[PDB]
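Pasting a structure below so you can have a look.
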Amino acid sequence: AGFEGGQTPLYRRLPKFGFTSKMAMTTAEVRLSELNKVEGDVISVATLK
Amino acid sequence: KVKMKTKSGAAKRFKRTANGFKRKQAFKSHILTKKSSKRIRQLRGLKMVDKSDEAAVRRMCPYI
Amino acid sequence: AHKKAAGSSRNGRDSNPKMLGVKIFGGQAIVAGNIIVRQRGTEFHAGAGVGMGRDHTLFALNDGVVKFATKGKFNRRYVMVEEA
RNA sequence: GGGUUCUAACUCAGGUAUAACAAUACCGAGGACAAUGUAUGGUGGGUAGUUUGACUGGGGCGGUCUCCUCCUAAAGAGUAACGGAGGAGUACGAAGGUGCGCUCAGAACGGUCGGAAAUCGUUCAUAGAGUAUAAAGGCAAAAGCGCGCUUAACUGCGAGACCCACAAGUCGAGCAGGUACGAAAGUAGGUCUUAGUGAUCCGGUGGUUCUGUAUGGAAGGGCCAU
RNA sequence: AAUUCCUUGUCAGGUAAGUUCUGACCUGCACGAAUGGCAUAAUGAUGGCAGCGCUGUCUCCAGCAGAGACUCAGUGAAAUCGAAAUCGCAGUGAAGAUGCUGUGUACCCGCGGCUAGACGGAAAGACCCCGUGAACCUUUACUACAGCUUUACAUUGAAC
RNA sequence: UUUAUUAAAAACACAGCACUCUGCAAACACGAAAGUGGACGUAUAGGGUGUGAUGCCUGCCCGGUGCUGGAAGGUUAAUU
RNA sequence: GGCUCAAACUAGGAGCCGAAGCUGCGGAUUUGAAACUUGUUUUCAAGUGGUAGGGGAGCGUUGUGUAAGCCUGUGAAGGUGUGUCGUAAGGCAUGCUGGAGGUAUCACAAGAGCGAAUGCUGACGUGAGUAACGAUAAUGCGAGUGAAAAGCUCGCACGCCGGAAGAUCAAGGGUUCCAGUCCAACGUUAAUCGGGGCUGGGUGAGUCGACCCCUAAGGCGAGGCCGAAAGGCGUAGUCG
RNA sequence: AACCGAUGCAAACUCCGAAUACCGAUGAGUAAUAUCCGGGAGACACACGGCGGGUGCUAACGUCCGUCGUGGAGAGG
RNA sequence: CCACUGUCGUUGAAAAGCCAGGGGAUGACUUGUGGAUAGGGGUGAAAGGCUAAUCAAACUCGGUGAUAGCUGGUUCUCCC
RNA sequence: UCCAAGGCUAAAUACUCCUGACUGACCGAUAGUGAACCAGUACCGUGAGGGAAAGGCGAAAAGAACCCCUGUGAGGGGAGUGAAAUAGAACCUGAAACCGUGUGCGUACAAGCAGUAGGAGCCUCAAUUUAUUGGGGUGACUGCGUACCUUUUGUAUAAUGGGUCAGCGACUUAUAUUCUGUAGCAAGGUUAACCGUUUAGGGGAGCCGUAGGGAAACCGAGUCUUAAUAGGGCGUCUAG
RNA sequence: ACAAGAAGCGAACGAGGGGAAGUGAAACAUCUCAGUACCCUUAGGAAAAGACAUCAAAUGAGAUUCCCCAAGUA
């Protein structure tokens, strides 16, 4: 994986870009169709857990 | 346990999209005075990894 | 190497192909922006409905049918896009 | 800020005792040197680890390696040879834009120096010239040659195509903003076109609210430009 | 010339005839003075050339003796080996044929010889090339290190 | 003397010659150091290098690279 | 081979031969097509050379459950023939041999299939009854014993060594030394013989040697010095 | 030297200029088509016979291209 | 004690010998016994010689199933 | 948030020279330990070290008294034992290579991968009213026909490999991931370690799916770029 | 000059002192191999570690060790 026989591989002719965010890994997106698994009427972060 | 290793340098240049991967374009780091302003403008931004090349990207980045 | 008359004559280089020529021939349907002729100089001239690029490239300004004709007092080769 | 001296650290592979080697004591000789530890510059095939390309009518030697133009190339494209010929690794704030205006090379005739040819006048004269730069293809609406004003050698883009394994490369009407020239319709996103070029990584610089490891910053990073 | 390519240089000697030898010439491709120059008695299982003696080295081989070879009795290997009912020629053909074509010849099987072929046996060619192979060696290749050396600090102090 | 087992030689050694180093805890060598050799020696000695009895001798070049000596100037580490 | 009004050449004409081509007949198979509809059936159409390679369907072998089953001394596995069946891998049956195990069916798991790797181990071929039988110092004959004598014992003769091929040791070996007995293997042949097998015997020291006392080179080395550790060196000594 | 008139030649000459080939349109019939997406490859030493050439000597079972057929991987006559 | 020449031998009597000759043979001699130097090390009158029939880096074990874009081989059957 | 320069501290964790109990879709004598056997042996090496081969009579030795040939030998034939003695100690079974003996046919005038398609004759069995078929063996004569593997553009190739036989010998295993098939559930699916009186049951931590855009903040069927609500990029309108 | 210990051997596992190269990077030096092989010291049925001069940033938790995730993520 990552070898073309000698020409600089595609993952090295192109530049690295962007940075990883720590916030993105602790922010979860919740769908309206998943709410049937909640017990009760309150929808909070602790209740989604 | 023993897991497949991501190509950690190929993950810094390819990002998962819905139906494929995206990437930056080359020829934009240095010597930019001689390039027409169309090149500076259309070499700027995202493209999609080619259909030809995205089997390699799938083998290099198995987890994205 | 008796008669010793041989010897190096270094002329073994050439340039890459340029893929010039007619891209869309007469009577064909064409859409605006389609390149008709890639050329050096004006071997063909831009008639009605055909634009001309800085490369001397002839392209369709509007949809229709591409047509070739020799017109004018210079007997020039013209390419036109007839609205058909 | 340098030298002289001293002895007390330290040294003795010096003498006298200690059976012997060593150590110790004293005497003697040096002495803040020498020597050693850390750091540092030099030297260092003494030794180690390695590298030292490919194409190629075998290899070596020589030549070549990227780009452009012509032919080979078989009237679409493409097409090889250590096949035949040449160029490029630039230039220009005008040699770009626009508006306006103009037409060349030569030959002959006449005319001071002055001729074969300088400058002037006349008649023929679709380019036998020019086009910054090789060649090919173009060029009168001149793309050739002058003048005035200028900065479109813009910014965000771009329907649609050519070419293409990819990465790249090429052309592009139209739209928005801000202009330049023109009385205006308009033209202008560099130059008649095709060579004048080099990915990523890394590092620098001009900007930017994007991030900012408890929090506010900052460092660092990201994005845009170079 | 242990050096000289051209080259068997040229001239002299030696031989009937001498690319070698000896003497000389100097036109030293490309000698030369302690990686010593030129000689040198003696020494050398040293190199070259020339003689006497002597000879089966040879003309040109002959005879003879012993040990094998050959026969019998006893013991009993070897390498090799796809399988063989294993001929010549001229062709053909992965380009030099026992095996294919055409043709010629040839009754079956031993023994003693022989080595022209079986591209005969033996050793995955050592020559040549290739492999981003190896080793060892060299250096003003690169990068290190040992060793040697420089200075600062420490062991390390006092006075003028 | 030598390539035990295809090379015995013109190769190596050799007495002799020269240069150079070394003042003694010598230079130099083994070693990680202690400890050794050099040497229970001491510059007529010891080491390294070249040459190689003897006879006649051994010319010129210090530009390069070494080696030895010198420090006016330039540059120059750690450190501060 | 042979061929001359051809069996040559040119121009025509008519027959015929000639392939795994085409057709005829029988059978299999891939894909698609109308339906009792999963091969439930009858057909039809177009196909079915094949390396690298891709796809599909199966055979056999060892083991597990099925199986405290079923088969088997009225003969298991294996071996060796024969017949028969299937497109094949292969199945079934059975004669003989054998003498104690085997395994239907369906799943499941593999040390699951060999002709090649100058493959590995064992066995056995060819060469071939061929080369050779190990210094050219040499043997002949008469008796004896014996199953058998060129080779053993005895005898006469002959030849060889004799600064050894004779004697004494050290080293090394270890019973090979002597006798009786045997001859399978070993001895490059035979063997009654032997350094072979088997069974007994044999080596007697104050003076020969070792041990012992002493030390050389060189080791080890209370303490001692040095070194990450291991260890290196070294004095007195102690070995040698 | 030119200029006129006859007369030849040229890959890098063209006042000209096919056949084919290529790019389109329309239309029948025939055909186990074309295209796109994904799983698995193998191959990237080719050879000869034609045709058009370069190179060589219009030499080579030579070499390098284009194009077709066969072999490769194909028996049979 | 050596090893200069030749024949033989080359599946040898012998993994270096025999035979006929050859060299040194009081010396830088030959030899017995014991000891020392150990692998990038030793030793070398120097041939890269020798260091247990092994030498341009011994042998044994281990890392180790080193790696090998190379060569060889790769085992039942049928259908497309 | 916690107080270094004082010292301790069980369990859950790692392992097997071993002792016991038990187990195996582990091997079965070329396997399994190198070693089923007098094996770390023989043997090789100065040494460190390397390192084999080699199992089976029979239920019970009942292991063959005695006789005969031979050398009081080997070996055998009788007798006897035994169910079996081509189970007789080299002993269960006894394959192949390889070597003999017997019978039938062919073969000494004919040129080659040794076969194949025909085919006369002969020999031998079973039927049959008696040479007529059928089965088996042989193969005079005719046609065609240059092994196999590997590697190659291309091999009978005089290119590689194999003397033969027998036995062994090469795509595995663990985990991750992707696609396909199949099964269960299905906008949901599924637990892992663990506990467990252990293939159950529990354990929801976690993972995948259900939303994307953007470097990111952020927004979200949208989002990014932009001055732009324009244009364009990437998404949207289920099955996991 | 008197008593008590130690010595040496023997599987693996632990702790500690030293520490490669083949290999991979399709070369190779940073890097990898790997703190592995090996050498050396030494213990116990285990060893080590262990009670916060530790995390966390939530509504806070509360020594060490080991397993599944987090995650092939940062």
Side-chain angles (χ1 to χ4, degrees), chain A residues 1-17, chain B residues 5-14 20-21 23-61, chain C residues 1-3 5-30 33-47 50-60 66-81:
Chain A
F3 187 69
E4 302 173 356
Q7 36 174 238
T8 216
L10 178 62
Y11 86 87
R12 274 171 96 207
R13 316 197 290 272
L14 309 173
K16 318 188 301 187
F17 72 105
Chain B
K5 294 252 173 165
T6 284
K7 266 283 208 59
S8 290
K12 312 170 158 192
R13 297 173 184 90
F14 302 119
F21 316 87
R23 48 95 171 176
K24 297 282 99 172
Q25 330 195 26
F27 300 83
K28 284 283 289 186
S29 316
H30 64 95
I31 35 172
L32 295 159
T33 304
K34 64 170 74 168
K35 284 172 182 74
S36 70
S37 49
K38 184 190 284 186
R39 305 257 313 279
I40 307 273
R41 191 172 67 237
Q42 301 174 0
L43 280 182
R44 186 253 311 286
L46 293 159
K47 313 297 271 190
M48 293 300 273
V49 187
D50 218 59
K51 40 166 199 43
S52 266
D53 305 326
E54 49 179 353
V57 172
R58 273 193 321 270
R59 260 163 43 90
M60 270 177 308
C61 302
Chain C
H2 277 116
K3 197 119 163 63
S8 212
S9 297
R10 186 273 218 251
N11 51 30
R13 86 232 127 247
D14 195 3
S15 67
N16 300 337
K18 286 317 174 292
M19 289 66 89
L20 302 183
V22 182
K23 264 41 174 161
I24 302 166
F25 299 80
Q28 294 194 25
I30 200 175
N34 275 19
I35 289 167
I36 311 178
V37 191
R38 305 216 88 150
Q39 59 187 3
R40 297 286 168 265
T42 50
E43 290 155 17
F44 292 92
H45 289 85
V50 161
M52 182 204 171
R54 65 170 303 277
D55 213 343
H56 304 307
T57 315
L58 306 177
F59 57 99
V66 56
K67 185 212 195 189
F68 289 80
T70 288
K71 273 194 339 203
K73 83 213 162 93
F74 283 111
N75 287 40
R76 299 289 168 78
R77 299 181 289 178
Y78 275 90
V79 65
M80 296 81 54
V81 168

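What's counted below: heavy atoms across the whole structure, side chains too, no hydrogens, waters or symmetry copies. So you know, we letter chains A, B, ... as the sequences are listed, proteins then strands, and number each from 1.
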Less than 3.5 Å apart, which donor and acceptor atoms pair up between the side chains of residues 43-59 of chain B and the rest of the protein, not counting sequence neighbours?
unit_1, atom_1, unit_2, atom_2, d
B:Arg58, NH1, B:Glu54, O, 3.3

message: Does C:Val22 form a side-chain contact (heavy atoms from CB on, under 4.5 Å) with C:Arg38? I'd like the steps, not just the answer.
response: CA-CA 7 Å; C:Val22 182; C:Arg38 305 216 88 150; over 6 Å; no
- line: d(B:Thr33 OG1, B:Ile40 CD1) to nearest 0.5 Å is 8.0 Å
Minimum side-chain heavy-atom gap A:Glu4-A:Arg13 below 4.5 Å: yes
Distance under 6.0 Å and angle within 45° of ring axis: C:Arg77 vs C:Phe44: yes
Interatomic spacing from NE2 in B:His30 to CG in B:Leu32 - rounded to 0.5 Å: 8.0 Å
message: Could you check whether any side-chain heavy atom of A:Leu10 comes within less than 4.5 Å of a side-chain heavy atom of B:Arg23, counting everything from C-beta outward?
response: no
message: Keeping C:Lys3 on the side-chain end and C:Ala1 on the backbone end, is there a donor-acceptor pair under 3.5 Å?
response: no
- line: Closest non-hydrogen atoms of C:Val81 and C:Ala60, given as atom of the first, atom of the second and distance, are CG2-CB, 4.0 Å
From B:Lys24 atom NZ to A:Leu14 atom CG, the distance as rounded to the nearest 0.5 Å: 11.0 Å
query: Any side-chain heavy atom of C:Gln28 sitting closer than 4.5 Å to one from C:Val66?
result: yes
task: Check whether any side-chain heavy atom of C:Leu20 lies under 4.5 Å from a side-chain heavy atom of C:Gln39, and answer yes or no.
output: no
task: Write down the atom of B:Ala11, the atom of B:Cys61, and the distance for their closest heavy-atom approach.
output: N-SG, 3.7 Å
message: If you compare all heavy atoms of A:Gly2 against all heavy atoms of A:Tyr11, which two are closest, and at what distance to 0.1 Å?
response: O-CE2, 3.8 Å
query: From B:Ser8 OG over to B:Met60 CE, what is the distance, rounded to the nearest 0.5 angstrom?
result: 12.0 Å
Cation-pi check, B:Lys35 onto B:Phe27 ring (under 6.0 Å, within 45° of axis): no
message: Using a 3.5 Å distance criterion without hydrogens, assess whether the side chain of C:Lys71 forms a donor-acceptor pair with backbone atoms of C:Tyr78.
response: no
message: Nearest 0.5 Å, please: how far is CZ in C:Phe59 from CD1 in C:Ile30?
response: 10.5 Å
task: Specify the closest pair of heavy atoms between B:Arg39 and B:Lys28, including all atoms of both residues, with the distance to one decimal.
output: O-CD, 4.5 Å
query: To the nearest 0.5 Å, what is the distance between CD1 (C:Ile36) and NZ (C:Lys23)?
result: 12.5 Å
